[PDB]
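Chains as they are written, first to last, in the entry's author numbering: chain B, 1005 to 1217, 1231 to 1356, 1362 to 1427; chain A, 1 to 557.
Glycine included, each C-beta is placed from N, C-alpha and C at the ideal position.
Everything on this sheet refers to the single structure shown next.
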Amino acid sequence: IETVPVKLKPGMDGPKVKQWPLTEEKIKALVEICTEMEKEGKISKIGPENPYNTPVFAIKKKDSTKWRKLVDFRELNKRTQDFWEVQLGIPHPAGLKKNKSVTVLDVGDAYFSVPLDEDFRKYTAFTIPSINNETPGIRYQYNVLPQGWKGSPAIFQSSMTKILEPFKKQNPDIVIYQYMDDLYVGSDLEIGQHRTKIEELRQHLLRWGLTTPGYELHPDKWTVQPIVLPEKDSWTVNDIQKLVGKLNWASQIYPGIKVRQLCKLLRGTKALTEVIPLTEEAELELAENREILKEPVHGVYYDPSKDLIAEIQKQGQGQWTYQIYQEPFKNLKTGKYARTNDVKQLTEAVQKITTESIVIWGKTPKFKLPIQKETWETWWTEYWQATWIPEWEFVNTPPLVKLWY
Amino acid sequence: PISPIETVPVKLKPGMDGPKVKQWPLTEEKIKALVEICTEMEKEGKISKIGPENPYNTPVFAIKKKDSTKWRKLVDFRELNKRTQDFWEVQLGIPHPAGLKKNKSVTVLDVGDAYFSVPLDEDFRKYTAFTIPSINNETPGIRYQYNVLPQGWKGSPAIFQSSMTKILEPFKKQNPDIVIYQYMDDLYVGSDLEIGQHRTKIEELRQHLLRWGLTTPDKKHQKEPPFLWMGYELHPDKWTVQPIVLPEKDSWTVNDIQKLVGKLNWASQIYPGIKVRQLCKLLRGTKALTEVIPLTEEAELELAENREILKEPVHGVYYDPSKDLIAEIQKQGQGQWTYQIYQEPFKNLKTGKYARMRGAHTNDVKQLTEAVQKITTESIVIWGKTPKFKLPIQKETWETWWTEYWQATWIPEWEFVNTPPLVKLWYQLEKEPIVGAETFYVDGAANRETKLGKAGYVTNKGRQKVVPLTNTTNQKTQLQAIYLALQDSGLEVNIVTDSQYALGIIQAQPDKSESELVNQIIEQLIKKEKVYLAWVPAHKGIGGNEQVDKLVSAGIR
Ligand SMILES: COc1ccc(C(C)=O)c(O)c1[C@H]1C[C@H]1NC(=S)Nc1ccc(C#N)cn1
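Set out below in C-alpha cells:
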C-alpha cells in the first residue's frame, strides 16, 4: 500500500529528548519486545547519523503480566500538530459525552501494518539504555506507524472507516470515536445489549486482523462537585470567618454570591471560640449562595482554540479534587477522586480525568500536578496504564485546598 | 589497515555547503614537514591526491612535538565541524565502579590509530580537502582529501565507537561470558576465567579485531590491574579514588580553596563523612582567583576532620547482583546529609552526600525526602534497581507529616534506624482554635513610594500595640505583625492574619529559612505550646481585622 508523506511544522526540527533511566526489568522487557519487532521488520537498528531521540518506557497491560512498550511522543506530536490536527483531523462526536455506556478498545496493533513515509522515519528514533552506562545504548526507528504518535490515527483514518462501515450502517445509533490508539464506542442500550454490540464489533475488527481487550465508562453518570458549604448545629466565630472567606472567593467566580448580608455579622474584636447566634437574611443568603455555587458558572464556554487545564489538590485521606478550565477560576468541570501510595493515587486520578477529558472535549488537558518533579518522573510509569501521556507541569498548591475547587 | 567495515553516511547541515577557507602562507620548514607527512599517509590510504576542481579547502598547520623533535599536522576543522550534521552522543553517562560486577580477570587492550583505521563516507571526503602551499604561494600546491576519519572532525568519535560496536557484536555473541567496555581508544575486557583461559580469550579477540583492520597491543596490554581510570583506582578485588592529598599551606587563595573543594567532593564517593560546608561558605562573594582568604574557626575545624578522614585508606567493594541493596542516611550538620550504600553490613558499595537547600523555608522531613529521591535515582542508574532505606526518622513522624502536607509524597521501602540525630517536626499547628486563648488580629501596611509601614495587632482582651517600620515590603509588615503577636503573647495563642503569603510559609512547618525574620518566628513557634493560625480576606472589613487594619493604616499608609 502506498504511503502518505509527512512534514514537520516548518521551522521546527525533530525531537531531541533525553531518555529517563529505567530499572533492569524494564530494560530486559524492552529488548525482548524490540528484538521481536525488528525480526518482524517494524523497527530497524540505526546508526549515530541520527541525531534524534524520543524516550520509551515499559508499562503493564490492563493489570496483566505482559510488559507493554510505551514510546513517549509528546514532543513529536507537537512538532507535527498542524498535520494530525488540520490537514487530516478526526471529528469529535458531541453525542459521546451523553451516552449511557462507553467502551474503550485498544486498536493499537492496527497501525503496525501501515508503512511510514521513509523520509519521516528518522524522527521516531528512540533508545533502549543500559545499566551503569556499561553500553552505548540500543537505537531504533519506526518503519510502520508507531503507537504513541498522533499521526498514526490520522493516516489510518482511511482504513478505519471502511472496516467500521458495515457495523455503523447496521447500527446507526452507536457512536464510534477514535482517539490516538483507542476506540470509544458508546450507546444507550441496556448493558448486555451494549456489551453484545461490542462483541459484534470485535468480529468485524478481527477479520481485518485486529485483537481486542473490556473497560466501561458511564458518561451520563458524570456530575459536578458543588462547592460545599457547612451546615452545622453550633457555631463559632472562626467557623463564620472561614464561611466568609470562602464565600468571598466564590465571588470572582459564580456571579451573584452576595456575602455582604452574612458579613458585618457579629463583628468588633471577639475571641474565635466565642459561639454566636443566627440571622434571617443570613439563612437566606446561604440559601441563594449555595444555590448558585451548585450550578456551573454562567458565561463559561469551551473554546476549541485554547488549551484545557487540569489542576489537582490533595485533600488528604485519599481524597483528590480537580478542576478543568481554560481561564483560571472559570471551571468547565470540577470533580473528585477517592479510594495506596500517594503517587499511585495521583497517577490514577490523572488517567481518569484525562479520559473524561477525551470524551467530553476530544483532547487531553495539561496538568498542574501537586508533587515534586523528580518524584513523579521517577515513579509515574510504575502505575501508568493508558497508551497516551498528557502534558504536565509540576505546581505548588496554595492554601487553596480550603475551598474544594 | 583500513577496516573492511561498511561506512556511515554523513551529510552537511541542510542549507549549508562545504568549507572554503583560505590557506594562510606557511614557511619552508613547515611546508617541508607537511609533505614528508602527507606523503606517508597517502602511502597508506589515509589520504588521496586531488585537483583544483574541488571548491573546498580547509586550513592546515604544523607545530613541533616534545622539545621540538617531530612536527605535527594540525587541521583546523572549525568551519567544517560547523557545517557538519549533528550526531547522537558517544556516552550519556559514565559507568560507576560501584556498578561493576566483581571480576577475576581484566585486561585493557587499546586500539592503535583508531580514526585512521576507519573509512570515511565516500560522498563526504570531498569536504575534507586541504592544501600544502608552495613557498610564498607561487606554485598551486598539493591538494589532498581524506579516506578515513579525520582527527579533529565532529563525527569521528561517533562513527568510530559506532563502527567498533558492529565489529564487536559477533565476538560478544560467541563469547556471552565476556564483558567488553569501550571507552575511546581503549577497550576493557573482563571475565571470570583464569589468566590462562583469559589471555587465550584475549588473543581470540585481538585476532577478531585484526580480521577487521584493528591493530592491538601484544605484551604491552597494560592489563596489569591496578587501573587508573576516570579518577578511580581499580583492583579486581575493590575500587577507590585516585589518591587524594591536601595541600597543607599557610595561606589559601580562592584558587586553592576550589581545588581542595573539588578533591573532597570527589573523595566523598567512598569516604564517608566528608564535609565542605564551611569551606564552600568561604568562596561566596565575587573574589579574585589569587586573593588570600582567611580560614575561619569553623572552616579551620572542618578542614581538620577531612584531613583526619583521608589519612587511613578507604576502599569500595563491587556489585553482587544476587544480594539486596541497602542505603542508610545520617544527618550530619545542619542541612547536610551523608549516606552509604552497601549490600553486606558496612562493606560500602559507594558513599555520597546531599546538602542541597531547595528554596528558602524547609524542614528536615522535606530534606530527608529529597535525599531519598536522589539516592533512589542514582541507585537506579548504577544498579538498575532501588535499595531499601534505613532512615533516622520515626515511622510516626513521617506518617504524620505526609498525611498533613498538601504536596503528594511517596517513599520506597524503609525502616527506622536509631542513628542520632533523629528527624522530627519541631512544632505543630493546632487545627481547632484555642479556647480561652488571647486572639490576636494582626495586620500590616506599607507606603509603596515611601517604604514606611506600621506592623501592629489588636486582641479581644483590649491590648493593642503598633510599631513603625522603615524600608519594608507590604509582606514584611505582615510577617512582622505576626512576629509581634508571638512575642508579647502567652504559650497558647490564636493568630488571625490576612496574609496568605505568611499563612503559606508558616503552615508548611519550616524549621529553617533564609529570611532573618522567618527564623525568629520559628524560634517563637518552637517555644509556644499551642498556636492556631487562621486567615480572612485582607481589608474587606471583617470583625476584628478592620479594627486593627484601621490603626495600622492610620496615616503612613
Ligand atoms: C562497565 O564496564 C566497565 C567500565 C570500566 C572498567 C574499568 C575502569 O576497568 C571495566 O573493566 C568495565 C567492564 C570490564 C567490566 N568489568 C567488570 S564488570 N568488573 C571489574 C572488576 C574489577 C576491575 C579491576 N581492576 C575491572 N572491572
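Span separating the alpha-carbon of residue i from that of residue j
i                      : j                 : result
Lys311 (chain A)       : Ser251 (chain A)  : 22 Å
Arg1199 (chain B)      : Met1164 (chain B) : 21 Å
residue 1003 (chain B) : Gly1352 (chain B) : The structure shown does not extend to residue 1003 (chain B), since chain B is modelled only from 1005 to 1427, so the question has no answer here.
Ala485 (chain A)       : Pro97 (chain A)   : 56 Å
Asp1076 (chain B)      : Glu1300 (chain B) : 54 Å
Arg358 (chain A)       : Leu425 (chain A)  : 18 Å
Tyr1188 (chain B)      : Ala114 (chain A)  : 57 Å
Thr1397 (chain B)      : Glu1404 (chain B) : 12 Å
residue 604 (chain A)  : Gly544 (chain A)  : A query on residue 604 (chain A) cannot be resolved here, the shown segment of chain A reaching from 1 to 557 and no further.
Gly273 (chain A)       : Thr338 (chain A)  : 7 Å
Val245 (chain A)       : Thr253 (chain A)  : 17 Å
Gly1335 (chain B)      : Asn519 (chain A)  : 33 Å
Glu122 (chain A)       : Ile37 (chain A)   : 23 Å
Cβ pair residue i, residue j closer than 7 Å
i                     : j                 : result
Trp212 (chain A)      : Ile159 (chain A)  : no
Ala360 (chain A)      : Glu523 (chain A)  : no
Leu429 (chain A)      : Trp414 (chain A)  : no
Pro1059 (chain B)     : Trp1024 (chain B) : yes
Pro95 (chain A)       : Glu1079 (chain B) : no
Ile1178 (chain B)     : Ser1191 (chain B) : yes
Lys1101 (chain B)     : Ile1382 (chain B) : yes
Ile132 (chain A)      : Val35 (chain A)   : yes
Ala455 (chain A)      : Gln480 (chain A)  : yes
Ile5 (chain A)        : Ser163 (chain A)  : yes
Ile1270 (chain B)     : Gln1182 (chain B) : no
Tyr427 (chain A)      : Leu525 (chain A)  : yes
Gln145 (chain A)      : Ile50 (chain A)   : yes
residue 573 (chain A) : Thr107 (chain A)  : Here chain A comprises residues numbered 1 to 557, so residue 573 (chain A) is not present and cannot be evaluated.
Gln336 (chain A)      : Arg277 (chain A)  : yes
Cβ distance (whole Å) where residue i is taken to contact residue j below 8 Å
i                 : j                 : result
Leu503 (chain A)  : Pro1421 (chain B) : 6 Å
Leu1109 (chain B) : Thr1216 (chain B) : 5 Å
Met1016 (chain B) : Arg1083 (chain B) : 4 Å
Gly384 (chain A)  : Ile1135 (chain B) : 4 Å
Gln85 (chain A)   : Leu149 (chain A)  : Contact flag wrong, Cβ pair sits at about 15 Å.
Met16 (chain A)   : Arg83 (chain A)   : 4 Å
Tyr318 (chain A)  : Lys238 (chain A)  : 7 Å
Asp1185 (chain B) : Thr1409 (chain B) : 4 Å
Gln182 (chain A)  : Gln161 (chain A)  : 6 Å
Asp1324 (chain B) : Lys1388 (chain B) : 6 Å
beta-carbon residue i near ligand 3 non-hydrogen atom, thresh 6 Å
i                : result
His235 (chain A) : Inclusion of ligand 3 in the displayed structure is not the case, the ligand content consisting of ligand 1 alone.
Exercise. What alpha helix (DSSP H) runs, 4 residues minimum, are completely inside the region 326–388 of chain A?
Worked result: Unbroken alpha helix (DSSP H) runs of no fewer than 4 residues, entirely contained in the region 326–388 of chain A, are found at 364–383, following chain order.
Problem set entry | Under 9 Å (Cβ pairs) to chain B, residues found in the region 79–104 of chain A | Those would be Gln85, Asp86, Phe87, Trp88, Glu89, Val90, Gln91, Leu92, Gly93, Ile94, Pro95, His96, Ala98, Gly99 and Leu100, in chain order.
Exercise. At which residue ranges does the region 390–444 of chain A contain complete alpha helix (DSSP H) runs of 4 or more residues, listed in the order of the chain?
Worked result: Those alpha helix (DSSP H) runs which fall completely within the region 390–444 of chain A and span 4+ residues are 395–403.
Exercise. Residues in the region 1326–1351 of chain B with C-beta within 8 Å of chain A's C-beta atoms, listed in sequence order?
Worked result: Answer in chain order: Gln1330, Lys1331, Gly1333 and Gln1334.
Problem set entry | chain B contacts from the region 472–503 of chain A (Cβ-Cβ distance under 9 Å) | Of all residues in the region 472–503 of chain A, those with a C-beta nearer than 9 Å to a C-beta of chain B are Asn494, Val496, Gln500 and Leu503, reading in chain order.
Exercise. In chain order, what residues of the region 1363–1377 of chain B put their CB closer than 9 Å to some CB of chain A?
Worked result: Here the close residues are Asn1363, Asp1364, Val1365, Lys1366, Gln1367 and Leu1368.
Exercise. Which residues, taken in chain order from the region 415–428 of chain A, show a beta carbon closer than 9 Å to some beta carbon of chain B?
Worked result: Correct list: empty, as no residue qualifies.
For this session: Entirely within the region 1137–1177 of chain B and at least 4 residues each: give me those alpha helix (DSSP H) ranges in chain order.
Result: At a cut-off of 4 residues, the continuous stretches assigned as alpha helix (DSSP H) that sit fully inside the region 1137–1177 of chain B are 1155–1174.
For this session: Name, going along the chain, the residues of the region 1049–1060 of chain B whose beta-carbon falls closer than 8 Å to a beta-carbon of chain A.
Result: So the list reads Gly1051, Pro1052, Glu1053, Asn1054, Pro1055 and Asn1057, given in the order they occur along the chain.
Exercise. In chain order, which continuous runs of the beta strand (DSSP E) of length 3 or greater are located wholly inside the region 194–264 of chain A?
Worked result: Taking only runs of at least 3 residues, the beta strand (DSSP E) segments lying wholly in the region 194–264 of chain A are 227–229, 232–234 and 239–241.
Problem set entry | Unbroken stretches of the beta strand (DSSP E), 3 residues or longer, contained in the region 55–120 of chain A | Look at the region 55–120 of chain A and you find these whole runs of beta strand (DSSP E), each 3 residues long or longer: 105–110.
Problem set entry | Entirely enclosed alpha helix (DSSP H) segments - the region 114–176 of chain A, minimum 4 residues | Fully enclosed alpha helix (DSSP H) runs of 4 or longer: 122–125 and 156–174.
For this session: Pull out every residue of the region 376–388 of chain A whose Cβ sits closer than 9 Å to any Cβ of chain B, in chain order.
Result: Those residues of the region 376–388 of chain A that come within reach of chain B (Cβ to Cβ, closer than 9 Å) are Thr376, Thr377, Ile380, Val381, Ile382, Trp383, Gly384, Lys385 and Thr386.
Exercise. Taking the runs of the alpha helix (DSSP H) that are 4 residues or longer, which of them lie wholly in the region 1043–1097 of chain B?
Worked result: Complete alpha helix (DSSP H) runs here, min 4: 1078–1084.
Exercise. The region 1278–1294 of chain B: which residues have C-beta closer than 7 Å to a C-beta of chain A, in chain order?
Worked result: Those residues of the region 1278–1294 of chain B that come within reach of chain A (Cβ to Cβ, closer than 7 Å) are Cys1280, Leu1283, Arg1284, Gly1285, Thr1286, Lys1287, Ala1288, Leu1289 and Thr1290.
For this session: Starting from the N-terminal side, write out each stretch of the alpha helix (DSSP H) that is 4 residues or longer and does not extend beyond the region 283–330 of chain A.
Result: Listed in chain order, they are 297–311.
For this session: Quick one: which unbroken alpha helix (DSSP H) runs of 4-plus residues sit fully inside the region 4–44 of chain A? Chain order, please.
Result: Correct list: 28–42.
Exercise. Taking any Cβ of chain B, which residues in the region 507–539 of chain A have a Cβ under 7 Å from it, in chain order?
Worked result: Here the close residues are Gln507, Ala534, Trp535, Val536 and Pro537.
Problem set entry | Whole beta strand (DSSP E) elements within the region 430–517 of chain A, 3-residue minimum | With a minimum length of 3 residues, the continuous beta strand (DSSP E) runs that stay inside the region 430–517 of chain A are 439–443, 453–459, 464–469 and 492–497.
Exercise. What residues in the region 1403–1420 of chain B have a beta carbon less than 8 Å from any beta carbon of chain A?
Worked result: Of all residues in the region 1403–1420 of chain B, the ones placed with a Cβ closer than 8 Å to any Cβ belonging to chain A are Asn1418, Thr1419 and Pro1420, in chain order.
For this session: Taking a Cβ distance cut-off of 7 Å, strictly less, list which residues of the region 163–191 of chain A are near chain B, in chain order.
Result: Hits within the stretch, in order: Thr165 and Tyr181.
Exercise. For the region 227–256 of chain A, which residues have a beta carbon sitting closer than 8 Å to at least one beta carbon of chain B?
Worked result: Within the region 227–256 of chain A, no residue qualifies.
Exercise. Residues in the region 4–38 of chain A with C-beta within 7 Å of chain B's C-beta atoms, listed in sequence order?
Worked result: Across the region 4–38 of chain A, CB contacts with chain B closer than 7 Å involve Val8, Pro9 and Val10, in sequence order along the chain.
Exercise. Listed in chain order, which residues of the region 1251–1262 of chain B have Cβ atoms closer than 8 Å to some Cβ of chain A?
Worked result: Hits within the stretch, in order: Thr1253, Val1254, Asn1255, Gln1258, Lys1259, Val1261 and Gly1262.
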